[PDB]
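These notes are about the structure you will find just below.
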Amino acid sequence: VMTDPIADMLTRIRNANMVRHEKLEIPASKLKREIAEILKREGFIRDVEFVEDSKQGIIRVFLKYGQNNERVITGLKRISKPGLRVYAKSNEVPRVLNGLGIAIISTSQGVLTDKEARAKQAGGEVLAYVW
Amino acid sequence: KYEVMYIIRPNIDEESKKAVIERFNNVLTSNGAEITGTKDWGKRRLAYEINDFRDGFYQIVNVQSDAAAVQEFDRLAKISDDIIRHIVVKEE
Amino acid sequence: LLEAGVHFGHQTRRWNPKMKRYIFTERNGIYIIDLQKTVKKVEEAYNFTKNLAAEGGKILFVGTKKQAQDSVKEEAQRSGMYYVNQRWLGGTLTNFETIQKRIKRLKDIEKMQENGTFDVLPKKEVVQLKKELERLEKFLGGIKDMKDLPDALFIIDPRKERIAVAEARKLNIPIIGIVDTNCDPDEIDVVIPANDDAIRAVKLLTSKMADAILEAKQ
Amino acid sequence: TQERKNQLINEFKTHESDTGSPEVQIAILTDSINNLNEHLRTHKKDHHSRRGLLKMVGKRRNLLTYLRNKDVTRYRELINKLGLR
Amino acid sequence: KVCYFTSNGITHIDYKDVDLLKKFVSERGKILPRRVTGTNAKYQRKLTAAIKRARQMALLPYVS
Amino acid sequence: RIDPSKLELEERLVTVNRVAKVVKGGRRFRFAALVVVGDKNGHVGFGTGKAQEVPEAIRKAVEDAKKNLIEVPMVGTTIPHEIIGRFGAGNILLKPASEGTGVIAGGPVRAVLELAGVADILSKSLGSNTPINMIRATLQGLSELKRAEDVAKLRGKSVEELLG
RNA sequence: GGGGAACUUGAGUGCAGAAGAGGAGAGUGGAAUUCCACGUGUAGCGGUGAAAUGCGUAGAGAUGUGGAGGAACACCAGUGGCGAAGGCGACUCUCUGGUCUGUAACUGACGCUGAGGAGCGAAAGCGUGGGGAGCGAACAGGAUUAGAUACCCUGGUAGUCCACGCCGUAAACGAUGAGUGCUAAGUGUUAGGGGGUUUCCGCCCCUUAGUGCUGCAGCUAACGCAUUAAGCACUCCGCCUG
């Protein structure tokens with residue numbers, strides 16, 4: 001019944017950010033695994049690492065809160081919902097929040113985020129904006 | 001697995017007492033059932049008047065049955081002019 | 001002490017989820033790590049109050065608990081600043097100008113009953129005037145010498161005292177004070193975990209406040 | 001009670017300890033529908049058992065669609081001997 | 001506040017034995033509720049069913 | 001974080017609002033008015049007051065305005081990024097308009113924006129059209145805007161990789 | 001998306017248990033009400049704010065026996081339990097549905113939603129045959145009133161009840177569509193399970209599934225809601241545009 005694992009994980013980490021958890025658990029898959037390492041590269045998150053079991057794995061995230069108890073995370077948004085996919089051309093990649101926002105896009109040359117995707121002229125479905 | 005409790009009115013000689021309890025046991029054992037236990041209470045003052053008897057005779061018959069003898073026992077007891085009241089209870 | 005004075009904690013676990021989430025399970029004192037974190041906390045508050053009082057600011061002392069009110073009152077006396085002992089009347093600091101123009105009446109009438117002409121009607125005014133002194137001084141207490149807004153606070157029970165802590169939060173006073181296990185931390189800048197039932201240790205803990213604020217000046 | 005289902009599972013025996021086999025499940029389903037059907041015919045207005053009838057028949061038919069999707073051959077050799085359409 | 005049946009851990013009622021039902025029925029003939037008996041919840045219903053079959057069997061009276 | 005009244009601050013009345021009370025003797029008539037204050041560079045507040053007459057009414061409003069201010073970040077005489085206002089059916093869109101476009105706003109939102117001294121901005125009313133809920137929604141908006149350097153600080157990055 | 005090979009958490013099957021006014025059919029019991037027969041028994045009963053109409057010397061009401069009959073199941077009973085909803089409380093039996101806990105003994109995504117379609121669906125009503133104790137639209141009389149087709153009194157028909165069809169509607173309400181996951185706590189309560197105490201009496205700590213009340217965060221125009229969201233999100237249906 002749970003339709004989009006990306007949306008599930010996305011609003012789960014949003015919900016933990018809004019309530020100041022340091023601990024958070026996410027049931028594992030390859031797609032959210034590399035979205036985890038992409039977010040680790042972009043530094044919105046302290047650390048992510050994986051442990052495995054008999055049921056598709058399980059991943060955990062350590063989430064940052066800046067220097068003075070403030071939200072490093074100011075919101076998240078899913079776009080490529082199921083039932084209504086969305087695609088954009090390589091030159092039509094949206095500069096979300098005119099630069100300070102970051103968009104994650106599944107492209108024909110793997111999944112990369114907004115700036116290097118624009119730099120290497122990739123394109124595809126815009127998946128999530130983070131503000 | 002069914003435990004039976006029925007009342008006959010006291011104004012009965014012991015010749016017919018054994019007669020009625022015996023023929024009801026033959027009814028139960030002839031309708032395919034087997035008697036796993038019998039018990040007796042004898043005399044006991046009723047909680048209330050039923051027809052004109054202040055008193056009554058109490059008897060316990062424990063039978064393991066295949067749910068075929070109890071309905072016919074029910075109709076025999078209720079058509080019998082010597083049994084006042086009776087029930088049948090599933091013991092589980 | 002680095003040891004427990006009367007630090008046996010709180011009786012009933014009807015309490016506030018804020019910081020007490022995963023502290024080790026030994027007894028009803030589920031937050032037993034307060035024993036070992038209190039010492040570093042009070043020493044940090046100790047050096048902080050040391051340099052702010054060495055700068056020249058003024059602390060004052062608020063508490064209406066039935067067991068600690070006179071204890072902190074006498075502590076305010078021999079430490080040498082202000083206090084509130086009895087009823088925290090509404091909005092003392094956000095009503096500072098009105099409060100001092102009421103305390104001016106107390107100063108004038110106490111100097112009148114000290115050296116002024118006492119009698120113009122030696123019953124009909126003097127008797128309720130003599131009443132009015134202690135009448136205002138009861139709920140007032142140690143408000144006789146502010147002349148200036150104080151720049152810090154210490155509270156024994158911010159649970160009982162919402163009015164003072166909210167007033168300070170509006171008036172950007174840095175609020176310091178101890179925290180009973182039912183209270184709420186993050187609305188207070190520096191919190192010190194302390195059980196309110198410690199009727200004996202409640203004065204020693206702020207005695208460790210008082211010698212710091214005494215040592216800060218000289 | 002439970003004797004008919006036990007003989008049905010050990011007759012639709014495929015794997016050594018299978019109870020999760022779809023072919024195993026629809027057999028117990030078929031006997032449930034038939035027991036309830038000759039129940040309903042003597043008790044027509046037992047609507048609260050009509051509902052369970054509808055539940056089990058819907059579960060039966062959509063898991064049959066699953067079995068068709070999985071392998072229609074064993075479906076055919078199930079359907080011919082169990083006898084319904 | 002004391003539940004009799006858990007107090008000695010007695011199992012199912014065995015309706016033929018009556019003397020406990022005697023002191024669970026009021027002297028005017030009604031069932032004492034849990035406010036005065038203080039039994040466990042899951043036994044009160046089998047109790048009232050037991051005294052009901054006793055009343056049909058005429059060992060315990062409807063009115064007294 | 002509170003900015004004192006050490007600065008010079010311009011005031012601008014936006015609305016005097018008639019208010020009434022019904023009492024046993026009849027209707028009783030009172031005056032509320034709200035004003036917006038600030039400087040042309042980065043600090044803005046607003047204030048409300050209630051009194052029986054206009055001048056001390058707006059005086060009460062202007063002391064409350066001197067009490068409450070809020071800073072607005074300003075990246076090149078215009079707002080940095082996208083922001084929608086949000087308070088109680090008050091929805092105000094703010095878009096970082098390009099230079100030389102001037103102020104493009106409705107009445108009260110222009111009244112607060114020009115008193116903020118922002119050169120080029122454009123906006124739209126999407127919520128209700130009562131002025132107090134307007135100003136409250138807009139200052140809730142400009143409260144949310146952040147500079148690039150502190151975001152880079154939260155990132156552990158510099159401003160170049162975030163401007164590009 | 002399509003195809004191929006995986007896996008077991010989703011969904012399920014087994015095994016071990018538990019609780020229930022769940023349902024259909026049949027039989028049984030008691031308290032009263034009414035009516036009738038008789039014994040005793042005099043002169044009123046009954047009714048309302050006053051009253052009156054009624055019933056009573058042809059013996060009423062009162063009272064005790066003994067019948068007839070139909071109706072609903074006191075106490076239990078609980079913001080308890082069950083059911084999808086309407087709803088379901090006397091007991092006994094036959095048949096039958098469903099829910100929850102443990103278990104991983106088996107399948108390996110079989111799942112969700114659902115236009116049309118199909119089936120259920122309070123009360124009132126309708127059709128045929130029954131049954132008709134009380135109650136009781138219509139209606140009758142007596143009151144009240146300026147008037148009273150009503151409120152009030154005494155009666156009283158259809159119906160209420162049963163069997164079999166039909167109607168398919170209600171404030172059919174949590175004025176909250178269904179499924180899925182996440183998010184501070186406190187306190188009852190139902191039915192289960194586990195650990196230390198003992199495996200007793202009952203204590204404590206967990207534990208699923210409900211079921212109530214509080215209450216953060218968040219949300220709302222406010223009321224308020226708040227792990228049984230009106231929060232955070234996703235899917236699918238239905239619906240609104242003074």
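Letters for chains follow the order of the structure tokens (A, B, ...), residue numbers begin at 1 for each chain, and ligand numbers begin at 1 in the order shown.
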
- [ ] Considering only C-alpha atoms (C1' of nucleotides), return as a ChimeraX atom specification whatever protein or nucleic-acid residues lie within 10 Å of residue 13 of chain E, sequence-local ones (same chain, fewer than 2 positions apart) excluded.
- [x] /E:5,10-11,15-18,20-21,43,46-47,49-50

Task: Contact set, chain G to chain C: 7 Å, only C-alpha atoms (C1' of nucleotides), as a PyMOL selection string - done: chain G and resi 184-186

Expected answer as a PDB file with C-alpha atoms (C1' of nucleotides), in the first residue's frame: chain G residues within 8 Å of chain A, only C-alpha atoms (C1' of nucleotides):
```pdb
ATOM      1  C1'   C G   7      14.085 -12.537  -1.079  1.00  0.00           C
ATOM      2  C1'   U G   8      10.384 -11.999   3.216  1.00  0.00           C
ATOM      3  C1'   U G   9       9.092  -7.468   6.173  1.00  0.00           C
ATOM      4  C1'   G G  10       3.459  -6.148   2.807  1.00  0.00           C
ATOM      5  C1'   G G 111      -1.458  -5.568  -2.328  1.00  0.00           C
ATOM      6  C1'   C G 112      -4.717  -0.726  -2.089  1.00  0.00           C
ATOM      7  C1'   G G 179      -5.552   1.906   2.903  1.00  0.00           C
ATOM      8  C1'   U G 180      -0.162   2.939   4.280  1.00  0.00           C
ATOM      9  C1'   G G 181       4.220   5.156   7.215  1.00  0.00           C
ATOM     10  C1'   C G 182       6.336   8.904  10.668  1.00  0.00           C
ATOM     11  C1'   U G 183       5.974  12.230  14.984  1.00  0.00           C
ATOM     12  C1'   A G 217       4.899  19.726  18.655  1.00  0.00           C
ATOM     13  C1'   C G 232       3.363  15.502   8.635  1.00  0.00           C
ATOM     14  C1'   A G 233       3.108  12.801   3.574  1.00  0.00           C
ATOM     15  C1'   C G 234       1.429   9.234  -0.683  1.00  0.00           C
ATOM     16  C1'   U G 235      -2.190   6.560  -3.350  1.00  0.00           C
TER      17        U G 235
END
```

Task: Distance-based interface of chain B with chain G, 12 Å, counting only C-alpha atoms (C1' of nucleotides), as a PyMOL selection string - done: chain B and resi 2-5+47-52+66-75+77-78+84-90

Hey, can you spit out that residue selection with N, CA and C atoms as a PDB file, in the first residue's frame?
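The result, stored in selection_37.pdb:
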```pdb
ATOM      1  N   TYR B   2     -22.458 -33.589  27.121  1.00  0.00           N
ATOM      2  CA  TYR B   2     -23.608 -32.777  27.487  1.00  0.00           C
ATOM      3  C   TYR B   2     -24.172 -33.281  28.808  1.00  0.00           C
ATOM      4  N   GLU B   3     -24.334 -32.375  29.765  1.00  0.00           N
ATOM      5  CA  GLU B   3     -24.687 -32.744  31.133  1.00  0.00           C
ATOM      6  C   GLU B   3     -26.154 -32.393  31.351  1.00  0.00           C
ATOM      7  N   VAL B   4     -26.919 -33.351  31.868  1.00  0.00           N
ATOM      8  CA  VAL B   4     -28.375 -33.269  31.864  1.00  0.00           C
ATOM      9  C   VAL B   4     -28.893 -33.196  33.297  1.00  0.00           C
ATOM     10  N   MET B   5     -29.926 -32.380  33.507  1.00  0.00           N
ATOM     11  CA  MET B   5     -30.498 -32.098  34.817  1.00  0.00           C
ATOM     12  C   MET B   5     -32.010 -31.954  34.688  1.00  0.00           C
ATOM     13  N   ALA B  47     -36.636 -23.392  44.416  1.00  0.00           N
ATOM     14  CA  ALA B  47     -36.596 -21.956  44.662  1.00  0.00           C
ATOM     15  C   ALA B  47     -37.998 -21.366  44.699  1.00  0.00           C
ATOM     16  N   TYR B  48     -38.932 -21.977  43.974  1.00  0.00           N
ATOM     17  CA  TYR B  48     -40.288 -21.463  43.915  1.00  0.00           C
ATOM     18  C   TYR B  48     -41.246 -22.577  43.527  1.00  0.00           C
ATOM     19  N   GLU B  49     -42.531 -22.288  43.703  1.00  0.00           N
ATOM     20  CA  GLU B  49     -43.590 -23.150  43.203  1.00  0.00           C
ATOM     21  C   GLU B  49     -43.552 -23.207  41.682  1.00  0.00           C
ATOM     22  N   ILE B  50     -43.791 -24.394  41.128  1.00  0.00           N
ATOM     23  CA  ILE B  50     -43.938 -24.559  39.687  1.00  0.00           C
ATOM     24  C   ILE B  50     -45.402 -24.724  39.288  1.00  0.00           C
ATOM     25  N   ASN B  51     -46.033 -25.836  39.679  1.00  0.00           N
ATOM     26  CA  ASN B  51     -47.460 -26.017  39.414  1.00  0.00           C
ATOM     27  C   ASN B  51     -48.245 -26.109  40.713  1.00  0.00           C
ATOM     28  N   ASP B  52     -47.974 -27.110  41.536  1.00  0.00           N
ATOM     29  CA  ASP B  52     -48.498 -27.182  42.888  1.00  0.00           C
ATOM     30  C   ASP B  52     -47.503 -27.814  43.851  1.00  0.00           C
ATOM     31  N   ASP B  66     -23.276 -37.370  20.349  1.00  0.00           N
ATOM     32  CA  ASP B  66     -23.025 -36.768  19.050  1.00  0.00           C
ATOM     33  C   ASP B  66     -24.127 -35.809  18.634  1.00  0.00           C
ATOM     34  N   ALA B  67     -24.753 -35.132  19.605  1.00  0.00           N
ATOM     35  CA  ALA B  67     -25.799 -34.135  19.368  1.00  0.00           C
ATOM     36  C   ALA B  67     -26.966 -34.715  18.578  1.00  0.00           C
ATOM     37  N   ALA B  68     -27.319 -35.948  18.882  1.00  0.00           N
ATOM     38  CA  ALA B  68     -28.496 -36.566  18.295  1.00  0.00           C
ATOM     39  C   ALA B  68     -29.481 -37.041  19.342  1.00  0.00           C
ATOM     40  N   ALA B  69     -29.007 -37.317  20.555  1.00  0.00           N
ATOM     41  CA  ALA B  69     -29.887 -37.855  21.579  1.00  0.00           C
ATOM     42  C   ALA B  69     -30.535 -36.744  22.393  1.00  0.00           C
ATOM     43  N   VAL B  70     -29.891 -35.580  22.477  1.00  0.00           N
ATOM     44  CA  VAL B  70     -30.395 -34.563  23.390  1.00  0.00           C
ATOM     45  C   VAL B  70     -31.691 -33.922  22.910  1.00  0.00           C
ATOM     46  N   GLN B  71     -31.865 -33.691  21.605  1.00  0.00           N
ATOM     47  CA  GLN B  71     -33.128 -33.115  21.149  1.00  0.00           C
ATOM     48  C   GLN B  71     -34.282 -34.086  21.352  1.00  0.00           C
ATOM     49  N   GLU B  72     -34.057 -35.370  21.084  1.00  0.00           N
ATOM     50  CA  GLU B  72     -35.149 -36.311  21.270  1.00  0.00           C
ATOM     51  C   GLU B  72     -35.421 -36.512  22.755  1.00  0.00           C
ATOM     52  N   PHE B  73     -34.387 -36.402  23.598  1.00  0.00           N
ATOM     53  CA  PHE B  73     -34.629 -36.443  25.035  1.00  0.00           C
ATOM     54  C   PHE B  73     -35.441 -35.233  25.452  1.00  0.00           C
ATOM     55  N   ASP B  74     -35.178 -34.095  24.817  1.00  0.00           N
ATOM     56  CA  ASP B  74     -35.888 -32.870  25.143  1.00  0.00           C
ATOM     57  C   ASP B  74     -37.365 -33.044  24.836  1.00  0.00           C
ATOM     58  N   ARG B  75     -37.680 -33.620  23.675  1.00  0.00           N
ATOM     59  CA  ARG B  75     -39.089 -33.761  23.333  1.00  0.00           C
ATOM     60  C   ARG B  75     -39.751 -34.825  24.201  1.00  0.00           C
ATOM     61  N   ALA B  77     -38.909 -35.479  27.338  1.00  0.00           N
ATOM     62  CA  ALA B  77     -39.083 -34.896  28.663  1.00  0.00           C
ATOM     63  C   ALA B  77     -40.244 -33.914  28.680  1.00  0.00           C
ATOM     64  N   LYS B  78     -40.359 -33.096  27.635  1.00  0.00           N
ATOM     65  CA  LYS B  78     -41.421 -32.103  27.628  1.00  0.00           C
ATOM     66  C   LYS B  78     -42.768 -32.717  27.281  1.00  0.00           C
ATOM     67  N   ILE B  84     -41.063 -32.191  35.161  1.00  0.00           N
ATOM     68  CA  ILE B  84     -41.506 -30.805  35.180  1.00  0.00           C
ATOM     69  C   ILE B  84     -40.580 -29.974  34.309  1.00  0.00           C
ATOM     70  N   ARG B  85     -39.313 -29.897  34.694  1.00  0.00           N
ATOM     71  CA  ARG B  85     -38.355 -29.034  34.031  1.00  0.00           C
ATOM     72  C   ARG B  85     -37.077 -29.811  33.767  1.00  0.00           C
ATOM     73  N   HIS B  86     -36.301 -29.299  32.818  1.00  0.00           N
ATOM     74  CA  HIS B  86     -35.038 -29.896  32.416  1.00  0.00           C
ATOM     75  C   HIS B  86     -34.275 -28.883  31.583  1.00  0.00           C
ATOM     76  N   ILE B  87     -32.951 -29.049  31.539  1.00  0.00           N
ATOM     77  CA  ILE B  87     -32.112 -28.369  30.559  1.00  0.00           C
ATOM     78  C   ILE B  87     -31.027 -29.317  30.064  1.00  0.00           C
ATOM     79  N   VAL B  88     -30.301 -28.865  29.049  1.00  0.00           N
ATOM     80  CA  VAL B  88     -29.107 -29.540  28.562  1.00  0.00           C
ATOM     81  C   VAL B  88     -28.020 -28.493  28.380  1.00  0.00           C
ATOM     82  N   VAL B  89     -26.840 -28.772  28.909  1.00  0.00           N
ATOM     83  CA  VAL B  89     -25.755 -27.802  28.902  1.00  0.00           C
ATOM     84  C   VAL B  89     -24.538 -28.414  28.230  1.00  0.00           C
ATOM     85  N   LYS B  90     -23.935 -27.665  27.314  1.00  0.00           N
ATOM     86  CA  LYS B  90     -22.654 -28.041  26.729  1.00  0.00           C
ATOM     87  C   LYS B  90     -21.593 -27.830  27.797  1.00  0.00           C
TER      88      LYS B  90
END
```

TODO: Give the residues of chain E that lie within 8 Å of chain G; count only C-alpha atoms (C1' of nucleotides), and format the answer as a ChimeraX atom specification.
DONE: /E:7-8,30-31,33,45,48,52-53,56,62

For the residues selected in the previous step, produce a file with C-alpha atoms as a PDB file, in the first residue's frame.
```
ATOM      1  CA  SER E   7      -7.882 -14.789  45.356  1.00  0.00           C
ATOM      2  CA  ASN E   8      -7.881 -18.602  45.325  1.00  0.00           C
ATOM      3  CA  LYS E  30     -30.924  -9.550  42.570  1.00  0.00           C
ATOM      4  CA  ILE E  31     -27.259  -9.890  41.603  1.00  0.00           C
ATOM      5  CA  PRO E  33     -22.768  -5.816  41.117  1.00  0.00           C
ATOM      6  CA  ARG E  45     -20.441 -12.246  33.101  1.00  0.00           C
ATOM      7  CA  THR E  48     -24.424 -13.738  36.027  1.00  0.00           C
ATOM      8  CA  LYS E  52     -29.331 -17.170  35.386  1.00  0.00           C
ATOM      9  CA  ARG E  53     -29.170 -20.899  34.637  1.00  0.00           C
ATOM     10  CA  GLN E  56     -34.155 -21.215  35.252  1.00  0.00           C
ATOM     11  CA  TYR E  62     -36.380 -14.784  40.999  1.00  0.00           C
TER      12      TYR E  62
END
```

Task: Long-range neighbours of residue 154 of chain F as a list in words, 7 Å cut-off, only C-alpha atoms (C1' of nucleotides), 2 positions minimum in chain - done: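 The contact residues come out as residues 66 and 72 of chain A; 150, 151, 152 and 156 of chain F.
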
TODO: Excluding residue 92 of chain F and residues on its chain fewer than 5 positions from it, collect all residues at most 6 Å away from it, counting only C-alpha atoms (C1' of nucleotides), and give them as an MDAnalysis selection string.
DONE: chainID F and resid 84:85 124:126

TODO: For segment 22-33 of chain D, please output as a list in words all residues within 7 Å (counting only C-alpha atoms (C1' of nucleotides); exclusion window: fewer than 2 positions along the same chain).
DONE: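 What passes the distance filter is residues 5, 8, 9, 12, 19, 20, 35, 36, 37, 53, 56 and 60 of chain D; 13 and 107 of chain G.
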
TODO: Taking the DSSP assignment computed from this structure's backbone, write out as an MDAnalysis selection string all residues of chain A that belong to strand (DSSP E or B).
DONE: chainID A and resid 25:27 47:51 58:62 76:78 81 84 88 102:108 110:113 124:130

- [ ] Excluding segment 13-24 of chain F and any residue of its chain fewer than 4 positions from it, enumerate the residues within 6 Å of it, using only C-alpha atoms (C1' of nucleotides), and give them as a list in words.
- [x] residues 28, 29, 30, 31, 32, 33, 34 and 35 of chain F

Export, as a PDB file, in the first residue's frame, the selected residues with N, CA and C atoms.
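Result file is out-v4.pdb:
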```pdb
ATOM      1  N   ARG F  28     -20.753  52.443  22.781  1.00  0.00           N
ATOM      2  CA  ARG F  28     -19.582  53.183  23.221  1.00  0.00           C
ATOM      3  C   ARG F  28     -18.505  53.071  22.163  1.00  0.00           C
ATOM      4  N   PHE F  29     -17.880  54.201  21.872  1.00  0.00           N
ATOM      5  CA  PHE F  29     -17.194  54.427  20.612  1.00  0.00           C
ATOM      6  C   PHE F  29     -15.703  54.522  20.891  1.00  0.00           C
ATOM      7  N   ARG F  30     -14.901  53.715  20.205  1.00  0.00           N
ATOM      8  CA  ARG F  30     -13.469  53.744  20.457  1.00  0.00           C
ATOM      9  C   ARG F  30     -12.712  53.656  19.146  1.00  0.00           C
ATOM     10  N   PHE F  31     -11.434  54.007  19.203  1.00  0.00           N
ATOM     11  CA  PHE F  31     -10.616  54.144  18.008  1.00  0.00           C
ATOM     12  C   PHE F  31      -9.395  53.254  18.106  1.00  0.00           C
ATOM     13  N   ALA F  32      -9.296  52.295  17.199  1.00  0.00           N
ATOM     14  CA  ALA F  32      -8.049  51.583  17.027  1.00  0.00           C
ATOM     15  C   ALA F  32      -7.361  52.072  15.766  1.00  0.00           C
ATOM     16  N   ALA F  33      -6.038  52.021  15.784  1.00  0.00           N
ATOM     17  CA  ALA F  33      -5.264  52.396  14.618  1.00  0.00           C
ATOM     18  C   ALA F  33      -3.955  51.638  14.657  1.00  0.00           C
ATOM     19  N   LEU F  34      -3.506  51.215  13.489  1.00  0.00           N
ATOM     20  CA  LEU F  34      -2.219  50.558  13.371  1.00  0.00           C
ATOM     21  C   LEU F  34      -1.316  51.341  12.438  1.00  0.00           C
ATOM     22  N   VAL F  35      -0.030  51.328  12.756  1.00  0.00           N
ATOM     23  CA  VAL F  35       0.981  52.064  12.018  1.00  0.00           C
ATOM     24  C   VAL F  35       2.144  51.125  11.769  1.00  0.00           C
TER      25      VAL F  35
END
```

TODO: One decimal, Å: what's the distance from atom CA of residue 202 of chain C over to atom CA of residue 82 of chain C, could you say?
DONE: 18.5 Å
